[PDB]
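Notes for the structure review
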Amino acid sequence: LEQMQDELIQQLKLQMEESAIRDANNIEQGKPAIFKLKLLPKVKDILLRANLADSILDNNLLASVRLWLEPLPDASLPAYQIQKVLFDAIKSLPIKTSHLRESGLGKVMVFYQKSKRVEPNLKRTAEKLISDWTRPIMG
Amino acid sequence: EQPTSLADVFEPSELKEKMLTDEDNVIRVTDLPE
Amino acid sequence: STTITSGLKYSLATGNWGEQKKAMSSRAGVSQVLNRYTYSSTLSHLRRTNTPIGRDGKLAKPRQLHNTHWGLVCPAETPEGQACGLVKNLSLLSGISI
Amino acid sequence: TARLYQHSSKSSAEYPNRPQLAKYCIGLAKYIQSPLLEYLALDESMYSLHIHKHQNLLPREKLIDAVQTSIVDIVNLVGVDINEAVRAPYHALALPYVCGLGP
Amino acid sequence: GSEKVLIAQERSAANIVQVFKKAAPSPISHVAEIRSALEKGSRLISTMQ
Amino acid sequence: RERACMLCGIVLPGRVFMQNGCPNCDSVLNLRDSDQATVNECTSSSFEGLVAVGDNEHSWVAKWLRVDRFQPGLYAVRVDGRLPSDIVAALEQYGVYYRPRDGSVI
Amino acid sequence: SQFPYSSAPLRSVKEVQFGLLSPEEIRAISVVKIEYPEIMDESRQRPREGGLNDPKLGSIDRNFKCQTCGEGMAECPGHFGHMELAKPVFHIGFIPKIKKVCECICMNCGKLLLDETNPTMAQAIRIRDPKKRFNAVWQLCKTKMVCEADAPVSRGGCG
Amino acid sequence: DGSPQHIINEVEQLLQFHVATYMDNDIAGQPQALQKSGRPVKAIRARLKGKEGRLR
Amino acid sequence: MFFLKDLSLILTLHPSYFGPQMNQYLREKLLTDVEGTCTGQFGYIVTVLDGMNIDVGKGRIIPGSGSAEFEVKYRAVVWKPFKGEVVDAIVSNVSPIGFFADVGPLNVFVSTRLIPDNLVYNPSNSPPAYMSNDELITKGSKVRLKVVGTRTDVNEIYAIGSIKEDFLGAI
Amino acid sequence: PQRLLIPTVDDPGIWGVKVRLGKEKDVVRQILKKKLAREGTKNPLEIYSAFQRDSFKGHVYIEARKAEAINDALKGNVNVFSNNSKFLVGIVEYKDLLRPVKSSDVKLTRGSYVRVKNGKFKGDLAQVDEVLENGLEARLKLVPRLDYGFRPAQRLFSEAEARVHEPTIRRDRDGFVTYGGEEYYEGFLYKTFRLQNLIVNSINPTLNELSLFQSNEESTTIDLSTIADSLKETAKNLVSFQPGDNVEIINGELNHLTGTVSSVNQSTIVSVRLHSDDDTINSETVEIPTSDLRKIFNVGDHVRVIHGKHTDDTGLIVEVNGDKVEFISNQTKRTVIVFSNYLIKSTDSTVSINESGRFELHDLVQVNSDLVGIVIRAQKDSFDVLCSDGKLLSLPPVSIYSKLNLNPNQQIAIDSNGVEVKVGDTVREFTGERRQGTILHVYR
Amino acid sequence: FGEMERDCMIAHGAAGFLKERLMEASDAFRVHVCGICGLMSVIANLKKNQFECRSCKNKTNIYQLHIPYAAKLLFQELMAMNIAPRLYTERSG
Ligand SMILES: [Zn+2]
Ligand SMILES: [Zn+2]
Ligand SMILES: [Zn+2]
Ligand SMILES: [Zn+2]
């Protein structure tokens, strides 16, 4: 049951990493990033399912989430749909300090907060999430 | 994020009306009646 | 001095018995223009009484001529239509206690 | 020239608080003072003046060239003061029509 | 400049007990009502049931 | 007429600043010992966000506004104008770092 | 014959189709965007353009012609403008229906809480009248208080 | 400019109230929108109903 | 390009014409009101086939105005240019801004920016023309052009041609 | 530091209380005075701080720990409303309540070009020579509006004309002249203006004023960095999108991709369906920010000018030179080159000429001293006139003499038989085509 | 000409008199409707002889109607409340 969900989430993790690598190569080959957009619906459907959050945190899928959120070496930001969906998923899940330590998403969150090409709404949401994640450390 | 050509500054019709084009400089420099 | 003056003048001029900004929910029609068509009409108007039961939720019993009305209100004089029975006229020897 | 001046926005900029008849009278007075400068002030509307009976039979380019040649000849026969032209643009209207020169 | 007349307004007397029979679709069968008014000023103050 | 001392953030009448100086910044500004130009360059009448502080030690707001080491009184969230370059250098000579309260620096 | 000649053919209404107005249609049929609360420009005639009395909306004065159609007061039907809302708000006439629709669907996956597998649900869908169809679907799906991420196989729900 | 949630809630609720009363000023359970004269505002819904409405 | 289309027309007849010759009169009225007209939706209607045997049906009396309304269905030849189509033409005028050609009833204007550069306009030539070393296009010269854009007017159509691609220009 | 000072759970709470409008600072001062007076007493006001913000009208925020402390602070005040309208501020809001405002620009920049809100030069473009440190006023460089003895047109202050019309000119420095109490520096007025007298955003510059300002700089438009920034702002703000527009993507992973706008939401999120050789990709809709979209204009499309000198001009695209697009006009029937930022693909023109010029349709006007005609079609830039001869002409509105206003005692028509025929009557040609129609105007 | 008079005229069966009373002897009006969207959004300019519905981007499929001015006002007030009454001159089934 839970182990089956963990296996499926690990398969999703492998698919997401492979899609990110393929899109990075395609951009390096002069082609638009399409694989991330293709995989976006399934990732959205999986993330929207609340009962799978525990298995997601068991498999540390936030590492692949950060990998997708990490800007590519061409200094090009990811597609706005991907950013919006990932922000909504991050809001929808109970992220703890241990999960952040495993994933290290705080660095990308700070980068998004400091950046200006990022949408101002995403900027405000990043500030809110960073404050919420700093809340437990100080009390 | 960080970056003069008068062609981009104003419409070419307005520039030609105000006499700020390359033909204008050539005519002014040229030693001939217009 | 304008407060009392304007309040009294407005209530007497328009007939709305209340404050000017609370015209709704106030009892209207208290003050009316004196009827001067003929002498009898003026005399009748100066001795007129009103029952503020209104039109909503009407019933026949308030409009009826009751036994106890004998000698105090006119059995014959009443308007037609909506206000029939609700508007009464004092009898010719009646008075109101002070 | 007075009729055309009473409708030109040049008068409106020059006289923002004056009636149209005042502009017409000013145009008449300026025409009396100097017909050549008033004819120059027409700019493009000078080509719509009734010059010849069959003025419309000629192509627009030929009529424009004829007007340009006539006005250049007349202004060169007259002569233009450079200092006054610098002092006032109204007197500087005649500067482009001098021989050798141009707009 | 206009002549206005005050029409006398009829109201139920105060300081008297009125007993009424309520209709069937109600848990209440009979009601005793009284409205109070001070003698000085003859102004309505409160109602009790 | 009231002005906001740029350095400490306190707000007092400009004539009070001229006659007596800033009770907190006098150790580094010498506002009383300064002319009207220096008073204006360190106290500005154009400001926003009047703040009244009762207990500097325990008020989190005072720590957030860095006024927990100053005299309680009228303070401004934002003050129009910054310290001049010469006054900035003079304060840096004393070893004190100046953080603008103009809001444009954060 | 009391109307000025128009080359468009003259026909009579045969059907009235109702419905709601999409924001795209509201923006399309509009002729100006209303943004300035001031009714009058400077209280010197010529009401402010982009305000609530823009001349493009139509003319109600005899000597003023509409700036959009060019017709007189007797012929101008009036033209609509649109106002963009900073935050979406409820339509006061549809709040009960909005509540019912929220009860009928899942708030996360955006799908119906019941499917055609249920014989009663299929029977309800079989009906034709939209109002009675919605009433039956609401009567059924009201009881269903949990979204199913799996078939009661995945039905598309989020659980 | 700046977003205290309490202020945002208050102002957005005011906007919702104004838009709602612009189309229906007889919403049971809350006070009506009033003019400076004290009379209630004649909403669009009130234009269409009654003997004196549009249809009748 | 020419086509055959089945079109319909609404014809209103005044009561003063309610005579035995009603049908023939409707026929000539249709012919006069359709032959040669230009509609942006269809293009140009050039002729009506079987013009003397068109069915008109029964006219309906308009309530309150007496006039009868007839629905006339007919088959007609229609010509309409299309975007990106190459057709033959005859030059009608030469001008510095470009030259005007005629494709049947349609008059097409081609600007200099859509003309090959080697075809320099020669105003000294008699008549003035846009000529090159081996090409000379003047009034009355056959030209093969491709229609790029069509402009719709009330009862007129304006088309723009080009000769800048291969197999175009003089023919 | 600044980050470490963010509030914690054990930090003192913050309450907000509604008060009467305009009394917020008064309540703050009263609270401070009460705290000082009761300080050092048996029952001091147990609060920590209190403040208010100008934007958050009607609210006063007090930092304390107990509701009784708030009641004690508010006790004895008249600006507090009858009801205890107090609420607990959320801890996250603590940073926002004290965050600064108006941080968009370091501050008004000296040398920038601005517009004037009100005064003798209402609307005139002005350069910010000096910014006063107070921030309420600023010294500005303007074009003088003088008559030298309803406002005169702007014109550089001419010292010779000023002396001729008024010999009381003062001199203080070389190139700095004071005339009539007004300081003019090298022909340009220098006058301080209030911040409440300026528009520092959405500034619309004109070349004429730009040339008049930059001529003294020995180069036409050289303050070009700020000019370039203004150009960027005008290009960015003027773009408006509609469904079905063909657009191209400038940034992002999807850079250099074409697509059609499907739906528009707000003004910053646009749903786009992309076009590509792969069918599975063409069936996807992507929401893309408008800041990374550029309109795609294909040759042979009806396009209408949005803004500029050629506003409301339409035509067909002919040449696409990247940023600048060329199209043949419809009214003038001549090629016009305008930036792609000023064009919208509008398949239908339907241009209305009302509120323009002096003449409307069907106006009998006098072309010149000899030719008299009537208007057949009006344009935004000119008019089309059919004359009595039977020919067509195109002339600017200025060139036309005037409308021939004729009374019915002047506009009289007599038919062949001698019967008078008035305006609007229907007559039929006796010979020729034998046409008929309604009379529009009668002349000779 | 109230509702009871309208019912009496219906009982008599005189449809022409009723139409004339309520249109010609009262607020008669002429509007243009798009043949596609069915809304009264056509920007008609009679003197220039050009009709155009911006939403549907058509210039041809346009008809004119004779309706009471009160009906036009009612439809416009309905559109003010986000309700779209579309008038079509042909049936569909
Ligand atoms: Zn200080
Ligand atoms: Zn109109
Ligand atoms: Zn669900
Ligand atoms: Zn339509």
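Residues numbered from 1 in each chain as written, not as in the entry; some residues may be left out. Chains lettered and ligands numbered in written order. Part of a larger assembly, values for the part shown. Heavy atoms only, no water.

A few points about the coordination of the zinc ion (ligand 2)
Residues and elements named next belong to chain G. Heads up, the condition is: For Na, K and Ca the donor cutoff is 3.2 Å, while for all other metals N, O and S atoms count as donors only within 2.8 Å; water does not appear among the atoms, so some sites may look incomplete. Working rule for geometry: tetrahedral if four donors all subtend angles between 85 and 135 degrees; square planar for four, octahedral for six, if opposite donors exceed 155 degrees and the others stay between 65 and 115; irregular in every other situation. Only protein chains enter the area calculation, which uses a 1.4 Å probe; residues under 20% of their type maximum are buried, those over 50% are exposed, and those in between are partly exposed.
Coordination of the zinc ion (ligand 2) by the protein is provided by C66 (SG), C69 (SG), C76 (SG) and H79 (NE2), with metal-donor distances spanning 2.1 to 2.3 Å. For the zinc ion (ligand 2), the 4 donor atoms in the first shell make angles of 106 to 111° at the metal, a pattern classed as tetrahedral. In the primary sequence, the donor residues of the zinc ion (ligand 2) line up as C-x2-C-x6-C-x2-H. Residue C66 is classed as buried on the basis of its relative accessible area of 0%.

As for the pairing of strand β8 (residues 106-111) of chain I
All names here are of chain I. Quick reminder of the rule: Numbered from the N terminus, helices here are DSSP runs of H or I no shorter than four residues, and strands are runs of E no shorter than two. Strands are labelled as partners when DSSP assigns at least two bridges between them.
With 5 of 6 residues buried, β8 lies mostly within the body of the structure. One ladder, built from 6 bridges, connects strand β7 (residues 98-103) with β8; its direction is antiparallel. When the bridges of β8 are listed, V103 appears paired with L106. Two successive antiparallel strands, β7 and β8, enclose a turn made up of 2 residues, where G104 displays a positive phi of approximately 60°. Bridging between β8 and strand β13 (residues 157-162) involves 2 bridges; their strand directions are parallel.

Points about a negative patch on the surface
Rule in force here: Like-charged residues are merged into a patch within 9 Å and nonpolar side chains (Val, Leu, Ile, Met, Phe, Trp, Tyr) within 5 Å, provided each residue has over 30% relative accessible area and no salt bridge. For the area figures, the Shrake-Rupley method with a 1.4 Å probe applies, and any residue is considered shielded solely by the protein chains shown. By salt bridge we mean one thing: a side-chain nitrogen of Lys or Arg within 4 Å of a carboxyl oxygen of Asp or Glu. When charges are counted, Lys and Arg contribute as positive and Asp and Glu as negative, whereas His and the chain ends are disregarded. In plain terms, the charge of a residue is placed at NZ if it is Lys, CZ if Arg, CG if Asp and CD if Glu.
A contiguous patch of negative charge on the surface is contributed by A:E2, A:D54, A:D58 and A:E102. Counting through the fold element by element, A:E102 comes out in helix α6 (residues 97-103).

Structural notes on the nonpolar core
Our working definition: The term nonpolar core refers to a set of buried residues drawn from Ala, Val, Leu, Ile, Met, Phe, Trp, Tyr and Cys, joined through side-chain atoms within 4.5 Å. Should any heavy atoms of two residues lie within 4.5 Å, those residues are counted as being in contact.
Ranked by size, the top nonpolar core spans 64 residues in total, and within it F:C5, F:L7, F:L29, F:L83, J:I47, J:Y61 and J:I62 carry the most contacts. Top contributing element to this core by residue count: strand β5 (residues 74-79) of chain F, with 5 residues. Every residue in contact with J:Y61, bar those within four places of it in the chain, is listed here: H:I7, J:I14, J:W15, J:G16, J:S49, J:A50, J:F51, J:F56, J:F87, J:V89 and J:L97. With 54 residues, the next largest nonpolar core counts A:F87, A:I95, A:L122 and A:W133 among its residues.

Observations concerning helix α5 (residues 80-92) of chain A
Stated formally: Here a helix's expected span is defined as the number of its residues, less one, multiplied by 1.5 Å.
Its 13 residues place the ends of α5(A) 18 Å apart at the C-alpha level, agreeing with the 18 Å of an ideal helix rising 1.5 Å per residue. Looking at α5(A), one finds that the buried residues are A:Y80, A:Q81, A:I82, A:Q83, A:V85, A:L86, A:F87, A:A89 and A:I90. Against α2 (35-48), α4 (62-69), α7 (105-114) and α8 (120-137) of chain A together with β15 (269-274) and β16 (285-289) of chain J lie the buried residues of α5(A).

A closer look at the coordination of the zinc ion (ligand 4)
Residues and elements named next belong to chain K. The coordination sphere of the zinc ion (ligand 4), as far as protein atoms go, consists of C34 (SG), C37 (SG), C53 (SG) and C56 (SG), spread over 2.3 Å. One can describe the site at the zinc ion (ligand 4) as tetrahedral: its 4 donor atoms subtend angles covering 107 to 111° at the metal. A relative accessible area of 1% places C34 in the buried class. Classification of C37 by relative accessible area gives buried; the value is 7%.

Considering the interface of chain J and chain A
We count it as follows: Accessible surface is computed with a 1.4 Å probe, and the buried area is the amount of it that two parts give up when combined, taken over both parts together.
With 17 residues of chain J at the contact, the number on the chain A side is 22 residues. Carbon and sulfur atoms supply 60% of the area that chain J and chain A bury against each other, a total of about 1600 Å² over both sides. On inspection of chain J and its partner chain A, the count reaches 2 salt bridges. Across the salt bridge formed by A:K36 and J:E253, the nearest N and O atoms sit 3.1 Å from each other. For the side of chain J that touches chain A, the leading source of residues is β16(J), giving 4 residues.

Re the sheet that holds strand β4 (residues 86-88) of chain J
Using the following cut-off: For helices, the fitted axis covers only the stretch in contact; all axes are lines through C-alpha atoms, and the angles between them, taken along N-to-C directions, range from 0 to 180 degrees.
Strand order in this open sheet of 6 strands is β5(F)-β4(F)-β2(J)-β3(J)-β1(J)-β4(J), and the pairing throughout is antiparallel. Looking at which strands have only one partner, the edges of the open sheet turn out to be β5 of chain F together with β4 of chain J. The mean angle between the axes of side-by-side strands here comes to 25°, regardless of whether they run parallel or antiparallel. Lying on the sheet, helix α1 (residues 5-23) of chain H is in contact with β1 (13-18), β3 (59-64) and β4 of chain J; it crosses β3(J) at an angle near 150°.

A short note on the packing of aromatic side chains
Our working definition: Only the six-membered ring of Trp is used, alongside the rings of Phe and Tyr, when aromatic pairs are assigned; centres must lie within 6.5 Å, and planes under 30 degrees apart are stacked while those over 60 apart are edge-to-face, with the rest tilted. We call a charge positioned above a ring when the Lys NZ or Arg CZ atom is no farther than 6 Å from the ring centre and deviates by at most 35 degrees from the ring normal.
Under the definition given, this model contains 26 aromatic pairs over all chains. Measuring from centroid to centroid gives 6.0 Å for J:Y148 and J:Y179, while their planes differ by 55°, and the two rings are tilted. For J:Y148, a relative accessible area of 10% translates into the label buried. A residue is classified by how much of its surface remains accessible, and J:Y179, at 9% relative accessible area, is buried. Three or more aromatic residues joined by ring pairs form one cluster here, namely J:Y148, J:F157, J:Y179 and J:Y184. The ring of D:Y90 is capped by D:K30, whose NZ or CZ atom sits 4.4 Å from the centre of that ring.

A closer look at the UniProt feature "domain: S1 motif" (unreviewed entry) in chain I
As a reminder of what qualifies: UniProt positions are given in the numbering used here, feature names are shortened, and annotations may be inferred rather than shown by experiment.
The residues that UniProt annotates with the feature "domain: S1 motif" (unreviewed entry) are residues 84-164 of chain I. Between the C-alpha atoms that bound residues 84-164 of chain I the distance is 13 Å, and the span itself is 0% helix and 59% strand.

Some points on the domain arrangement of chain I
Residue and element names in this part refer to chain I. We count it as follows: Residue ranges labeled as domains rest on an automatic or database domain assignment.
You can read the domains of chain I as domain 1 (1-82) and domain 2 (83-171). A C-alpha centroid distance of 35 Å is found between domain 1 and domain 2. At the interface, 8 residues of domain 1 touch 12 residues of domain 2. Summing both partners gives a buried area of about 890 Å² for domain 1 against domain 2, and 71% of it is carried by carbon and sulfur.

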